[PDB]
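Engineer: Take this structure first; my questions come after.
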Amino acid sequence: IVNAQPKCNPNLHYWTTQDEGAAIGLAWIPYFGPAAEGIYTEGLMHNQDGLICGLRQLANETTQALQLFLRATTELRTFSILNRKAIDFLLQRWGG
Amino acid sequence: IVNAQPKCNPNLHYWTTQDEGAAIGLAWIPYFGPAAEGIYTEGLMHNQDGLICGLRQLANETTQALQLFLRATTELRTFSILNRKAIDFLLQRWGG
Amino acid sequence: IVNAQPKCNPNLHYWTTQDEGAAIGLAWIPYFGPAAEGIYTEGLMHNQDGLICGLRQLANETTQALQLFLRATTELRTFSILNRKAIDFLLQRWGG
Amino acid sequence: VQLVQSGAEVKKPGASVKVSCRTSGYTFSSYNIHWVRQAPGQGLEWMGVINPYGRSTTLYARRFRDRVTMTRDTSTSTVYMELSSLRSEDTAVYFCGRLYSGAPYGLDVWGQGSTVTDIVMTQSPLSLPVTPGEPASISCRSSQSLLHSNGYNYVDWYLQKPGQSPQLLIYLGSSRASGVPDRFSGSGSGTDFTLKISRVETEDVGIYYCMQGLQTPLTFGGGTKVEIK
Amino acid sequence: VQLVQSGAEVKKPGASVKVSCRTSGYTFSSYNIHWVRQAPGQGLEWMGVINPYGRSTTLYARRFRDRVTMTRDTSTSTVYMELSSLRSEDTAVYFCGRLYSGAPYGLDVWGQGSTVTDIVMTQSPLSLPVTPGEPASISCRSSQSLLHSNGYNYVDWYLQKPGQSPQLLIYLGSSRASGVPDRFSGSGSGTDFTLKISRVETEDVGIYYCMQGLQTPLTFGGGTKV
Amino acid sequence: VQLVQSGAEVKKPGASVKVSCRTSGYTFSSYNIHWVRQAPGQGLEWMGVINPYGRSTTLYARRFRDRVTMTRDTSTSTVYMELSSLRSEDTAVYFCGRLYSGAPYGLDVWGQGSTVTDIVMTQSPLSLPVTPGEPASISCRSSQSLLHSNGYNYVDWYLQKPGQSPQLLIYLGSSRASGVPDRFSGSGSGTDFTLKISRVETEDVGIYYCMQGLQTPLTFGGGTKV
Amino acid sequence: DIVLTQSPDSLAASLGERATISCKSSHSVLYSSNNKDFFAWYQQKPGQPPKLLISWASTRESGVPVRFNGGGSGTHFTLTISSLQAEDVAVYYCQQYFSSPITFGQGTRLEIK
Amino acid sequence: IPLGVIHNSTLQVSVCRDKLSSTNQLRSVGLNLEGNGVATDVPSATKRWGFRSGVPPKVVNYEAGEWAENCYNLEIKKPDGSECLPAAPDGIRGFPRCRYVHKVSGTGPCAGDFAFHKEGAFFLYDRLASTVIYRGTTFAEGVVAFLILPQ
Amino acid sequence: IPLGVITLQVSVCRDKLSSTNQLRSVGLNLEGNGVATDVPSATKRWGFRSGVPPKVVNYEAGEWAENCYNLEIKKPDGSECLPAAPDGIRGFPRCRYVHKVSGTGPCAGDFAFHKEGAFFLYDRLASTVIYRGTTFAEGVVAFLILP
Amino acid sequence: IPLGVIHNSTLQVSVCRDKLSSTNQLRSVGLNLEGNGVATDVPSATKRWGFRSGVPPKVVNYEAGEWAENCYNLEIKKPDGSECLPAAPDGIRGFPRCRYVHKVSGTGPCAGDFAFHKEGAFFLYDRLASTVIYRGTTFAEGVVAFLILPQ
Amino acid sequence: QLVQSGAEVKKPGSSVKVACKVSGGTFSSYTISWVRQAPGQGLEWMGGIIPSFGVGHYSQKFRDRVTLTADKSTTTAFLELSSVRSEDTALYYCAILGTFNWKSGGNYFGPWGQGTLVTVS
Ligand SMILES: *[C@@H]1O[C@H](CO)[C@@H](O[C@@H]2O[C@H](CO)[C@@H](O[C@@H]3O[C@H](CO)[C@@H](O)[C@H](O)[C@@H]3O)[C@H](O)[C@H]2NC(C)=O)[C@H](O)[C@H]1NC(C)=O
Ligand SMILES: *[C@@H]1O[C@H](CO)[C@@H](O[C@@H]2O[C@H](CO)[C@@H](O[C@@H]3O[C@H](CO)[C@@H](O)[C@H](O)[C@@H]3O)[C@H](O)[C@H]2NC(C)=O)[C@H](O)[C@H]1NC(C)=O
Ligand SMILES: *[C@@H]1O[C@H](CO)[C@@H](O[C@@H]2O[C@H](CO)[C@@H](O[C@@H]3O[C@H](CO)[C@@H](O)[C@H](O)[C@@H]3O)[C@H](O)[C@H]2NC(C)=O)[C@H](O)[C@H]1NC(C)=O
C-alpha cells in the first residue's frame, strides 16, 4: 500500500446506494418514491487517513487487471466481479 | 406467516417452464419443436391451507424487500437474485 | 465418449482469450492497446485423437441439454453458466 | 388497531428515559413507527423514525443524534426509545404513531406518553376565534414547494384536541382520512396549502398542524389553535 | 439399428406385465423411444414416450396414466415398460420406436412383442383393395391444422405389413425415408393429407396409418387397407 | 530511477547463465521489464519480455523460445533470466529495459551485463560521416504501416554512446523524452520515419537504433553511425 | 445506412374505411434510455412541398386532424388513416432521423377507391 | 429478502437442519393480486396505476406463476396521440396463462414518463416481473416470492 | 448440461475443482465432424422460423474455422430478412476463408435457425439465430473442467 | 484482480483468519482523481481524453463513490457540426454527487469512433464505470477498487 | 419559412447552383438540409449544413459531386453540383431537417421550401 501516487487525499466524502438510510421514511413503493438521486446515503472519513491513501494505491494497482479482464470478457456490462470473487475465495478454501 | 389478507384463495394452479420435460417427446431443435407458448407445463397445487394462503402473505411481506433491492441496484434486468441467495446461504455457514 | 460421428479430427487449432496474458507487451490501456482481434492466444493441442473428437462427441451430447436450458430461460445473453456449474458442484458437495 | 405507550414517569436530568410503544391489530413488520415530541409552546418536533423490518433500520433528527436510540423487539411487536440525559428543556409528552411505509398516507394512530424532568412550514394565521356555525379558512405556508413528480402534494394535516392524541384529518394533500367528517375540505397550491372548515363545532376546536413527508426531516407546522369565541 | 423386445407373455388380470425393448447400433441417449399398443384390428394407440438422455423423463397417455411406467437403464441400454391392473381389453401387441429427439423423422425401426390377458384424425376411405397396377390415394383429415411455423407438416404415414411391425414410408410432410420404394409419395396441405401410390404392388397389401407429430398425444388414424 | 544489472557473467560452452537486474526508485509491479541482447555486431536482438504484475506472464521471441526462462522476485524487486543451452554465437551484452505496461512511452533506462561463451525494419545510411555544427538526418522504414488506430506512431529511436548502455531519444513519433535536448526531433508518417538532429553537436555521437512496438515479436533496426 | 421500405406501395380504400401503411426499417430507430423513437410520416399532395404529418411516430402535429394515427416500434411502424376523406388522396413518406444519412421510403400512393 | 423455506407440510420464513442440494431447489413463484381478494373490474383496477417520472424501471424474472382469471392489456394515448408508455423491449411478452384479456384503452394524459403500480406490486410479463406497464403486451398484477422446494 | 473432466469423463471426490478458471467452454466447429461446406448444401441446413426468441450463450475458446459464412440476404421487396446485428456481436475472429452470400430471395419469417441443431459461433457468443452482416461459423459448444 | 483486506485501519492486498461472513460486505468503491494529484482544470484535463476506434467499450459496477469537486459534461462537436461522442445507453446517467459541472464543448477535431482515457482510468457515471465517454451525461474520471469490509 | 430561386436549365456536365434564402428565425444555428425529390422515385437527402460551422455534412452517395455553403452575410444556403447529368432532373428542396444529434443544431424539424426545378439540356 506504499503510495506511488504523487498525492493522497487523506479523507473522502463518499456516497453509497446499498445502505438503507436513503429511504428510512419516505416510501418504498416507486409510485410514491424518491427520484433517481434520492437513493444515496452520504458519509465522511476524516479519520483513518493512512487507510485512505493505501486504498488510493490499491485502486491504482488494480486498474490494469480490471482493464485486462474487461478486454477479454465479451459481456459489456459486468456486474458479477464481486460474485466471482466470492466464488474464487470459497472455492479456493472448500473446493476439493 | 399470519394470513392478514381479506380473502385468500385456498388453491393454486401453477404453470412452470422448469420441468426438463417441457417438449417431452416432440423435438428440441429450435427450428422444429414448440412455439414460444408451448414450453410450459402445469399443475394443480392445493395441498394445504398452510403453504397456500401462506405464500400470498409471504409475497406481501417480501415485496418491500424486492422493491428496495431493485431501487438500490443499477442492472435493468435482474436474473441473479436466486444465485445471490444461494451464495449467501452457502457462504454463511462456511465463513472461513 | 465413444464417437459415432463419421469423422474424427485429431487436429485442434484453438484460439482463446481467457489467458489474460494475451497482450504481454504492447499495452493494457484501452487507448494505446491492441486491436479488438489481436487479443487472442493461439495454440494446438496434439494430445490425442481420442481426446479432440472426444470433445466433439461431448459437444454433440451436450448440445441437447444446452438447447433445453436456453429454451427454458428468458435471458437473451446467458453469460453466467460456469458460475451455475460451480455453485451446483460445491453446493452438492459441501451444502447443508 | 391500537397503539399504547409507556405510563407517566419523571426522571432526573442525569437519568435516561426508556419509553415503550406497543402495537396491536396489524402487521407490525410493515408499518413505520414515527416518534414525535409535543412540548407546550413549541408545537411538535419529529423525534425520529424506526422501520420495523428485518434490518430494523432507524433515523433520528439532527438535533437529537447520538443522544436517542431506538430498538424494536418482534417478540412483543414493540418499540423502545432510550435517551441519554433528559434535560429540563425536554419535559414534553412523547407521541408514538404508525405510518404505512408503502406511501406517505399520513400518521394514522397515536398514543399519549409522559416524560417529565429542513423545510420550514410556517402557518400564517396564529389563531382564529370565531362563533360556532361559521365556516373558516386556515392555511400553512411552505418555503419549498411540496409538489411531487407524482402530482400528489405530501402535506398532511392533523388536529389535536386539548389534552388528547393528535387526530389525522387530511392526507396526501387533499384526500380525506377514514372516519373524518366530510365537513373539512383541504386544497393545495403546492407552496401554500389551505383548508376550508365547513362549520366549526365545539369538538373541532383545538390545534391544527401541517407536516410534510416529501423529504426528511418531516417538519411540523406551527399549529393554529382554533377556539370558539 | 436393429431393435428387439421381450417375447410374448401370458398373464391374468390383477397383476403386472413387465417388458423390455433392447437397442443396438445408435447413440442410446439421442433417440426417444415411443411405446405403442396395437389391439388386433384396432389400429395403433400411443402408449407413451421416454427419452433416455440425461435425467430420464417419461410421458404417458392420459387414458393409461397411473397404470404404466417406463424407465431406461444405460448400463445395458435397455428400456423397461411396466403395466398394472391389466383389463381384459389390454391384450395387444407392443411396439417400441426410435424417434429422433432432434426433429420428427418418423419411426424407422420397430419391435415385435405381444401379451395375453387432442387432434382427432380420420381415414375417410376405409379400404381400397384394387388389382395391382392401379394408382391409389389415401386421405387423412385432422380437426386442427397441422401447418407449423417453419412450414413443414409433421404428418407421418406407416404401413402395417400383415403380421409384422409398422414400416415408415412418408415422414415430415412429403420427404421419403431411405429403404422405401419411390412409388410412395404424398402431399400435405396442412388440413388434409393425401398419399398417392403410383401403382399398387403385391407387397403394398396391408393397412396404412396416418400420424400427427405436432402435439402430444401422437394420435393415430383408423388406417386404410390397400 | 536506478537500475543495475548483474556482474561480469563469463561462462563456458553449454553452461547456464543466471543474470539478474535490480529495480530501484520506481514501482516494481507496474512497469514491464524487457530484456534485449547486443552482440559484438551492430545488430540488436529483443530477447524477451516479463510482466512483473500478478502472476508474472512472460513472452519470449520465436527466435530463442523455450531455450531460456525469466523469473520475478516479488520482494527483492529484481528480475532474472537464465539461459542454459549456451553457444559461441550467444556471447553478447545483455541489457534491461523498463517499458510502461500502460503505453509504449519508450524505455526509460537500461542496465548492462556481459556474457561470453515479424516486422522487418531497415535504416538508410547505416554509416554517416559527420562534421560539427551541422544538422543530420537518418531514415527508418518498416514493412507494415505503423499508423496505429490511435493516430500515433509506435516508433522509437535510441542512441548508444560509444561503449555505453543505450539511451532513450524519441518515443511515439515526435514526443522527445525529458533530458533530451531540443536538437533531437523525429518526424514521420505511416511506413517511413526519420530522425533529424537539428544540429549534431560534437558531444552527441554514437549508434542510432530504430524500434517498433506495434506488434510482437518486437524488432530492432540495423543502426546508423553518427 | 438505414434503408426504409414501405410494404403497401399503393393502397386504395373507399370512403370511411380503415387504412393501414406499414414501414419496416432495416435497423432499430427507437432510442433506448428515452423511449422516444425517431420516425416521421410525410403527406405530400402533388404540386406542394411535403408537410410533416406525425413526428416521433406517435405525436400528431398542430392543425393535423385526429383522423391521422401513428404507432409501432423498433423496425415496424404503422400509419393509420382512420377514416378516409376525399382530400386525403396524396403520397406518404417514411423518414428516419435516428442516424444520418436521412433516408426516405419509396412512398405510398393513397387514393379514393 | 425473506426467504421462505418449506417444512414437510408447512412454510417458515428465514439452522443446519434446513438443507438444499442444488439451485433447482430454489423456486421464485409469482402470485397474482387476484389471489389476495382484490377487485378485478376495469374501473377499480385502473385506479391502481399512476404516472411518475424520474425513476427507472427495474425487472426481475420469476420462475413460476399462476393462472390469471383476468389479465390486463393496456394501450393509452394522450390527445396529441403520443404513446405514453414505453415500448416492450425484446425478451418481454404476454402473460402465458390467461383466461380473459382486458384490452383497456385510455385517453388519460400522461404527466409522467412511466406508469407504476400504486400497491407496490409488480407487473407480470411471461417469466419477468417489472415495475412499469408496457404497451400492447398483456400483463398480470402480482408479487414475486422466493422458496425452497422439498427434496 | 453434461460436464467434461480430465482421458475424458462425463460427469466424485477424485476430480477436484481447484479454481474458477478451470471451467471452460469450447466452440468446436462442425468441420471436424466431416460435414460438407459448399454453399448450396450449407444453405439447406438453415431454415426460417417464426415464434421462437433468439437465445445466445457465451463460449470462451474456439477453433480455427476453415470456412465461415457471412450471410446477407434480401426479401424480394428489398427488406432485410435477417435481424439487425445486436450490440456486442462481431464476426468470428479466426476464419481462413469467408463464403459470402449475395441473397436467397424469399424469406419465410424473421429468424433463421440451424436445422441440424448447432449454434452459430460469432465472436465468443454462440447464438441460435443468424444475424446480418457478421461472419459466423457453424458449431457446437462443450463444457470442460480443465486441469 | 487484487482484493483489499482491513484489520482495523490498515489495508492488506490479497491468511486463514481473513474471514468474510456474507456477500453483503463485499463493496466496490470508485474514487475520483481530484485528490490524486491530477490537475482538474478544463484544458489540462481535456488532453487526457483521446479518440480511438475499433475497441468495444466495457462497463463495470461500483457500489460506492467519492464526492467530485470537478466533473465534466461533454457534448463534443465535429467540425462539420455533427456530434461524435456516442449516444448514452440506457441505465447510465450522470455522476450523482458533483459540486461544479464543467460544460466543456467545442472540441472540433474528434476523429474516432470512441473516446478513451489516456491515463487508464474509468469514467464513473452513475454507479457504472465506463472505459468510454458517452454524450450528454456528466461524469468524473477516477478508478474502481474492490474491497472486503470488516465485520 | 424559406424561399428559393426559379427553375434552371443546364447543359450536361456543367455546374448548377441552387440558392435557398432563409428569412425569419435565426440563420446562426439552424440545420439546412437539401433533399432531391426525384419525379416519381421517392426522396433522398443529399446533405445538410449548419451556418455556424460552415462545412456541410454530405451524404455518402453525394459526397463526391455535391458542394454546400451557408453564408450569414445574406443568410443564404447555396448548393452546387460539380457535374450535372440527365437523371439529376428532380425537385431540390431546402428544409430544416435534423437527426438524433448526428447533425442536430436546433429542433428536429422545420418548414420546407417551394422547391427548385433543375433540368438537363
Ligand atoms: C398486502 O395486504 C394488505 C392488506 O390489504 C394491503 O394493504 C392495502 O394497501 C392499500 C394501499 O397500499 C390500502 O388502500 C388504502 O386504503 C386507505 C383506507 O382509508 C385509503 O385511505 C387509501 O387511499 C388507500 O386506498 C388498503 O386499505 C390496504 N389494505 C387494508 C386491508 O387496509 C397491501 O396492499 C398488500 N400488499 C401487496 C403487495 O399485495
Ligand atoms: C450429432 O450426431 C448425430 C448422429 O450422427 C448427428 O445426426 C445426424 O443428423 C443428420 C442431419 O440432420 C441426420 O441425417 C438425416 O438423414 C435423413 C435421411 O432421410 C435426411 O432426410 C435428413 O435430411 C438428414 O440428412 C441424422 O439425424 C444424423 N445422420 C447421421 C449420419 O448420423 C448430428 O448431426 C450430430 N450433431 C452435430 C451438431 O453435428
Ligand atoms: C497511478 O499512479 C501512477 C504514478 O503516477 C500513474 O502513472 C503516471 O501516469 C502519468 C499520467 O497521468 C504519466 O505521466 C505521463 O508521462 C508521459 C511519459 O511517459 C508524458 O509524456 C506525459 O505527458 C505524462 O506526463 C506518468 O509517466 C506515470 N508514471 C509516473 C511514475 O508518474 C498512473 O497514471 C496512475 N493510475 C491511474 C489509473 O490514475
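Naming scheme: A, B, ... for chains in displayed order of the C-alpha cells; residues 1 onward per chain; ligands 1 onward as shown.
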Using only C-alpha atoms and all ligand atoms, which protein or nucleic acid residues are at most 6 Å from ligand 1, as a list in words?
Structural biologist: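 With only C-alpha atoms and all ligand atoms and a cut-off of 6 Å, ligand 1 is contacted by residues 5, 60 and 63 of chain B; 177 and 178 of chain D; 119, 120 and 121 of chain H.
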Engineer: Keeping only C-alpha atoms, write the selected residues as an mmCIF file, in the first residue's frame.
Structural biologist:
```
data_model
loop_
_atom_site.group_PDB
_atom_site.id
_atom_site.type_symbol
_atom_site.label_atom_id
_atom_site.label_comp_id
_atom_site.auth_asym_id
_atom_site.auth_seq_id
_atom_site.Cartn_x
_atom_site.Cartn_y
_atom_site.Cartn_z
ATOM 1 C CA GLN B 5 -55.359 -10.885 3.750
ATOM 2 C CA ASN B 60 -46.965 -9.350 0.805
ATOM 3 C CA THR B 63 -42.483 -7.176 -1.862
ATOM 4 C CA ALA D 177 -58.825 10.221 6.087
ATOM 5 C CA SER D 178 -61.054 7.435 7.352
ATOM 6 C CA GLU H 119 -49.736 -1.036 -4.294
ATOM 7 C CA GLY H 120 -46.046 -1.849 -4.669
ATOM 8 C CA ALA H 121 -46.967 -4.914 -6.691
#
```
Engineer: Could you pull out the residues in segment 24-198 of chain D that DSSP calls strand (DSSP E or B) from the backbone, as a PyMOL selection string?
Structural biologist: chain D and resi 24+31-38+44-50+58-60+69-73+78-82+93-100+109-110+115-116+121-123+130+136-142+155-160+166-171+175-176+184-188+192-197
Engineer: All residues within 6 Å of ligand 2 are required, counting only C-alpha atoms and all ligand atoms; please report them as a ChimeraX atom specification.
Structural biologist: /C:5,60 /E:177-178 /I:30,116-118,140
Engineer: Give me the residues near segment 33-37 of chain K as a list in words, where near means some atom within 7 Å (using only C-alpha atoms) and where sequence neighbours in that chain fewer than 5 positions away do not count.
Structural biologist: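 Result of the neighbour search: residues 42, 43, 44, 45, 46, 47, 48, 49, 90, 91, 92, 93, 94, 95, 96 and 97 of chain K.
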Engineer: At a cut-off of 8 Å, which residues of chain A touch chain I? Count only C-alpha atoms and give the answer as an MDAnalysis selection string.
Structural biologist: chainID A and resid 74:76 87:88 91:92 95:96
Engineer: Within 9 Å of chain C, which residues of chain E show up when using only C-alpha atoms, listed as a PyMOL selection string?
Structural biologist: chain E and resi 26-27+29-30+53-54+101-102
Engineer: Restricting it to N, CA, C and O atoms, dump the selection as a PDB file, in the first residue's frame.
Structural biologist:
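Saved file part.pdb follows:
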```
ATOM      1  N   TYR E  26     -26.840 -47.423 -32.244  1.00  0.00           N
ATOM      2  CA  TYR E  26     -27.029 -45.979 -32.282  1.00  0.00           C
ATOM      3  C   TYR E  26     -26.717 -45.410 -30.908  1.00  0.00           C
ATOM      4  O   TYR E  26     -26.643 -46.135 -29.913  1.00  0.00           O
ATOM      5  N   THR E  27     -26.546 -44.091 -30.867  1.00  0.00           N
ATOM      6  CA  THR E  27     -26.328 -43.399 -29.601  1.00  0.00           C
ATOM      7  C   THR E  27     -27.583 -43.511 -28.758  1.00  0.00           C
ATOM      8  O   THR E  27     -28.596 -42.866 -29.045  1.00  0.00           O
ATOM      9  N   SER E  29     -28.720 -42.489 -25.871  1.00  0.00           N
ATOM     10  CA  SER E  29     -29.387 -41.355 -25.247  1.00  0.00           C
ATOM     11  C   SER E  29     -30.025 -40.423 -26.269  1.00  0.00           C
ATOM     12  O   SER E  29     -30.911 -39.641 -25.909  1.00  0.00           O
ATOM     13  N   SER E  30     -29.600 -40.495 -27.532  1.00  0.00           N
ATOM     14  CA  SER E  30     -30.004 -39.487 -28.508  1.00  0.00           C
ATOM     15  C   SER E  30     -31.478 -39.603 -28.882  1.00  0.00           C
ATOM     16  O   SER E  30     -32.157 -38.585 -29.056  1.00  0.00           O
ATOM     17  N   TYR E  53     -32.001 -39.581 -22.600  1.00  0.00           N
ATOM     18  CA  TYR E  53     -30.955 -38.582 -22.460  1.00  0.00           C
ATOM     19  C   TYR E  53     -30.990 -37.918 -21.088  1.00  0.00           C
ATOM     20  O   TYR E  53     -32.051 -37.517 -20.599  1.00  0.00           O
ATOM     21  N   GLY E  54     -29.809 -37.776 -20.487  1.00  0.00           N
ATOM     22  CA  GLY E  54     -29.678 -37.083 -19.216  1.00  0.00           C
ATOM     23  C   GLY E  54     -30.514 -37.728 -18.133  1.00  0.00           C
ATOM     24  O   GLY E  54     -30.574 -38.957 -18.008  1.00  0.00           O
ATOM     25  N   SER E 101     -34.936 -37.363 -31.314  1.00  0.00           N
ATOM     26  CA  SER E 101     -35.206 -36.219 -30.452  1.00  0.00           C
ATOM     27  C   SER E 101     -35.040 -34.900 -31.183  1.00  0.00           C
ATOM     28  O   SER E 101     -35.676 -33.906 -30.817  1.00  0.00           O
ATOM     29  N   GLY E 102     -34.194 -34.868 -32.204  1.00  0.00           N
ATOM     30  CA  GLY E 102     -33.983 -33.648 -32.950  1.00  0.00           C
ATOM     31  C   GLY E 102     -35.236 -33.120 -33.613  1.00  0.00           C
ATOM     32  O   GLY E 102     -35.767 -32.084 -33.209  1.00  0.00           O
TER      33      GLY E 102
END
```
Engineer: For chain I, which residues have at least one atom within 10 Å of chain E, if we go by only C-alpha atoms? Write them as a ChimeraX atom specification, please.
Structural biologist: /I:1-2,47-52,108-109,112-113,115-117
Engineer: Take the residues that were just selected and, keeping C-alpha atoms, output them as a PDB file, in the first residue's frame.
Structural biologist:
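Dumped to out.pdb:
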```
ATOM      1  CA  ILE I   1     -25.759 -29.817 -19.013  1.00  0.00           C
ATOM      2  CA  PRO I   2     -23.243 -32.661 -19.169  1.00  0.00           C
ATOM      3  CA  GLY I  47     -34.466 -22.671 -42.051  1.00  0.00           C
ATOM      4  CA  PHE I  48     -36.636 -19.652 -41.407  1.00  0.00           C
ATOM      5  CA  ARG I  49     -38.923 -19.811 -38.376  1.00  0.00           C
ATOM      6  CA  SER I  50     -41.320 -17.530 -36.528  1.00  0.00           C
ATOM      7  CA  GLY I  51     -42.286 -17.622 -32.859  1.00  0.00           C
ATOM      8  CA  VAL I  52     -39.033 -18.536 -31.053  1.00  0.00           C
ATOM      9  CA  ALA I 108     -40.275 -17.124 -44.585  1.00  0.00           C
ATOM     10  CA  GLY I 109     -40.094 -15.349 -41.248  1.00  0.00           C
ATOM     11  CA  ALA I 112     -33.156 -18.312 -39.297  1.00  0.00           C
ATOM     12  CA  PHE I 113     -32.293 -21.342 -37.153  1.00  0.00           C
ATOM     13  CA  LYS I 115     -31.860 -27.369 -38.757  1.00  0.00           C
ATOM     14  CA  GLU I 116     -29.172 -29.798 -37.594  1.00  0.00           C
ATOM     15  CA  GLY I 117     -29.220 -28.107 -34.181  1.00  0.00           C
TER      16      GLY I 117
END
```
Engineer: Calculated over only C-alpha atoms, which of the candidates H:135, H:99, H:52, H:127 has the smallest distance to chain A?
Structural biologist: H:52
Engineer: Would you pick out the contacts of segment 70-76 of chain F at 8 Å or less, using only C-alpha atoms, so that residues sharing its chain but fewer than 5 positions from it are not included, and give the list as an MDAnalysis selection string?
Structural biologist: chainID F and resid 50 52 56 58 81:82
Engineer: Let me see the file: selected residues, N, CA, C and O atoms, as an mmCIF file, in the first residue's frame.
Structural biologist:
```
data_model
loop_
_atom_site.group_PDB
_atom_site.id
_atom_site.type_symbol
_atom_site.label_atom_id
_atom_site.label_comp_id
_atom_site.auth_asym_id
_atom_site.auth_seq_id
_atom_site.Cartn_x
_atom_site.Cartn_y
_atom_site.Cartn_z
ATOM 1 N N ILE F 50 9.039 -9.734 -19.681
ATOM 2 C CA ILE F 50 8.377 -10.256 -18.499
ATOM 3 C C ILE F 50 7.534 -9.143 -17.897
ATOM 4 O O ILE F 50 7.960 -7.980 -17.838
ATOM 5 N N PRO F 52 5.975 -8.111 -14.462
ATOM 6 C CA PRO F 52 6.019 -8.488 -13.042
ATOM 7 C C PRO F 52 4.656 -8.584 -12.380
ATOM 8 O O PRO F 52 4.535 -9.214 -11.323
ATOM 9 N N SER F 56 2.765 -12.883 -13.228
ATOM 10 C CA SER F 56 4.023 -12.800 -13.967
ATOM 11 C C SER F 56 3.948 -13.540 -15.304
ATOM 12 O O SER F 56 4.642 -14.532 -15.540
ATOM 13 N N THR F 58 4.787 -14.034 -19.128
ATOM 14 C CA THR F 58 6.032 -13.803 -19.842
ATOM 15 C C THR F 58 5.849 -14.113 -21.320
ATOM 16 O O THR F 58 5.033 -14.956 -21.697
ATOM 17 N N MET F 81 17.019 -13.689 -15.588
ATOM 18 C CA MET F 81 16.838 -14.585 -16.718
ATOM 19 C C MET F 81 17.924 -15.647 -16.646
ATOM 20 O O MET F 81 19.083 -15.333 -16.360
ATOM 21 N N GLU F 82 17.559 -16.902 -16.898
ATOM 22 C CA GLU F 82 18.550 -17.964 -17.003
ATOM 23 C C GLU F 82 18.466 -18.598 -18.384
ATOM 24 O O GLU F 82 17.375 -18.935 -18.862
#
```
Engineer: Tell me which protein, DNA and RNA residues are within 6 Å of segment 8-24 of chain C, counting only C-alpha atoms, leaving out same-chain ones fewer than 3 positions away, and put them as a PDB file with N, CA and C atoms, in the first residue's frame.
Structural biologist:
```
ATOM      1  N   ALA A  72     -10.782  -8.977 -22.184  1.00  0.00           N
ATOM      2  CA  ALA A  72     -11.018 -10.380 -22.515  1.00  0.00           C
ATOM      3  C   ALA A  72     -12.509 -10.708 -22.559  1.00  0.00           C
TER       4      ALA A  72
ATOM      5  N   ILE C  39      -6.182  -9.778 -29.538  1.00  0.00           N
ATOM      6  CA  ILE C  39      -6.102 -10.059 -28.112  1.00  0.00           C
ATOM      7  C   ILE C  39      -6.234 -11.557 -27.888  1.00  0.00           C
ATOM      8  N   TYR C  40      -5.810 -12.349 -28.869  1.00  0.00           N
ATOM      9  CA  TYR C  40      -6.071 -13.781 -28.873  1.00  0.00           C
ATOM     10  C   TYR C  40      -4.780 -14.578 -28.793  1.00  0.00           C
ATOM     11  N   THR C  41      -4.773 -15.571 -27.912  1.00  0.00           N
ATOM     12  CA  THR C  41      -3.696 -16.538 -27.813  1.00  0.00           C
ATOM     13  C   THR C  41      -4.041 -17.763 -28.649  1.00  0.00           C
ATOM     14  N   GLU C  42      -3.064 -18.238 -29.405  1.00  0.00           N
ATOM     15  CA  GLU C  42      -3.254 -19.298 -30.381  1.00  0.00           C
ATOM     16  C   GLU C  42      -2.396 -20.498 -30.013  1.00  0.00           C
ATOM     17  N   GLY C  43      -2.908 -21.696 -30.275  1.00  0.00           N
ATOM     18  CA  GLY C  43      -2.129 -22.887 -29.987  1.00  0.00           C
ATOM     19  C   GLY C  43      -2.727 -24.096 -30.665  1.00  0.00           C
ATOM     20  N   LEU C  44      -2.087 -25.243 -30.447  1.00  0.00           N
ATOM     21  CA  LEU C  44      -2.603 -26.514 -30.932  1.00  0.00           C
ATOM     22  C   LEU C  44      -2.390 -27.556 -29.844  1.00  0.00           C
ATOM     23  N   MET C  45      -3.312 -28.514 -29.759  1.00  0.00           N
ATOM     24  CA  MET C  45      -3.280 -29.466 -28.652  1.00  0.00           C
ATOM     25  C   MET C  45      -2.220 -30.546 -28.859  1.00  0.00           C
ATOM     26  N   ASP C  49      -5.945 -38.127 -30.509  1.00  0.00           N
ATOM     27  CA  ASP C  49      -7.076 -38.136 -31.426  1.00  0.00           C
ATOM     28  C   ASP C  49      -8.367 -38.410 -30.672  1.00  0.00           C
ATOM     29  N   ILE C  52      -9.670 -35.087 -28.767  1.00  0.00           N
ATOM     30  CA  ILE C  52     -10.215 -33.963 -29.526  1.00  0.00           C
ATOM     31  C   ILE C  52     -11.604 -34.299 -30.049  1.00  0.00           C
ATOM     32  N   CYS C  53     -11.698 -35.330 -30.883  1.00  0.00           N
ATOM     33  CA  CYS C  53     -13.025 -35.743 -31.301  1.00  0.00           C
ATOM     34  C   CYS C  53     -13.797 -36.377 -30.158  1.00  0.00           C
TER      35      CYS C  53
ATOM     36  N   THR F  57       3.083 -13.042 -16.177  1.00  0.00           N
ATOM     37  CA  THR F  57       3.019 -13.561 -17.535  1.00  0.00           C
ATOM     38  C   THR F  57       4.243 -13.119 -18.329  1.00  0.00           C
TER      39      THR F  57
ATOM     40  N   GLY I  32     -14.888 -30.693 -38.029  1.00  0.00           N
ATOM     41  CA  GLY I  32     -14.320 -31.948 -37.569  1.00  0.00           C
ATOM     42  C   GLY I  32     -15.243 -33.131 -37.771  1.00  0.00           C
ATOM     43  N   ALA I  61     -13.465 -20.262 -25.755  1.00  0.00           N
ATOM     44  CA  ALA I  61     -12.405 -20.628 -26.679  1.00  0.00           C
ATOM     45  C   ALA I  61     -13.024 -21.275 -27.904  1.00  0.00           C
ATOM     46  N   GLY I  62     -12.360 -21.112 -29.041  1.00  0.00           N
ATOM     47  CA  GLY I  62     -12.861 -21.678 -30.277  1.00  0.00           C
ATOM     48  C   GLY I  62     -11.818 -22.420 -31.080  1.00  0.00           C
ATOM     49  N   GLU I  63     -12.175 -22.814 -32.294  1.00  0.00           N
ATOM     50  CA  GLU I  63     -11.255 -23.485 -33.193  1.00  0.00           C
ATOM     51  C   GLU I  63     -11.239 -22.728 -34.512  1.00  0.00           C
ATOM     52  N   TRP I  64     -10.058 -22.636 -35.124  1.00  0.00           N
ATOM     53  CA  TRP I  64      -9.943 -22.068 -36.460  1.00  0.00           C
ATOM     54  C   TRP I  64     -10.995 -22.651 -37.388  1.00  0.00           C
TER      55      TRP I  64
END
```
Engineer: Within segment 19-91 of chain H, find each residue whose DSSP state, derived from the backbone, is alpha helix (DSSP H), and express the selection as a ChimeraX atom specification.
Structural biologist: /H:42-46
Engineer: Write a file of the selected residues as a short mmCIF file (atom, residue, chain, number, x, y, z; two decimals), in the first residue's frame, keeping C-alpha atoms.
Structural biologist:
```cif
data_model
loop_
_atom_site.label_atom_id
_atom_site.label_comp_id
_atom_site.auth_asym_id
_atom_site.auth_seq_id
_atom_site.Cartn_x
_atom_site.Cartn_y
_atom_site.Cartn_z
CA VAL H 42 -61.54 -2.22 -15.16
CA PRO H 43 -62.65 0.99 -13.38
CA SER H 44 -61.32 -0.10 -9.99
CA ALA H 45 -58.13 -1.69 -11.32
CA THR H 46 -57.26 1.32 -13.50
#
```
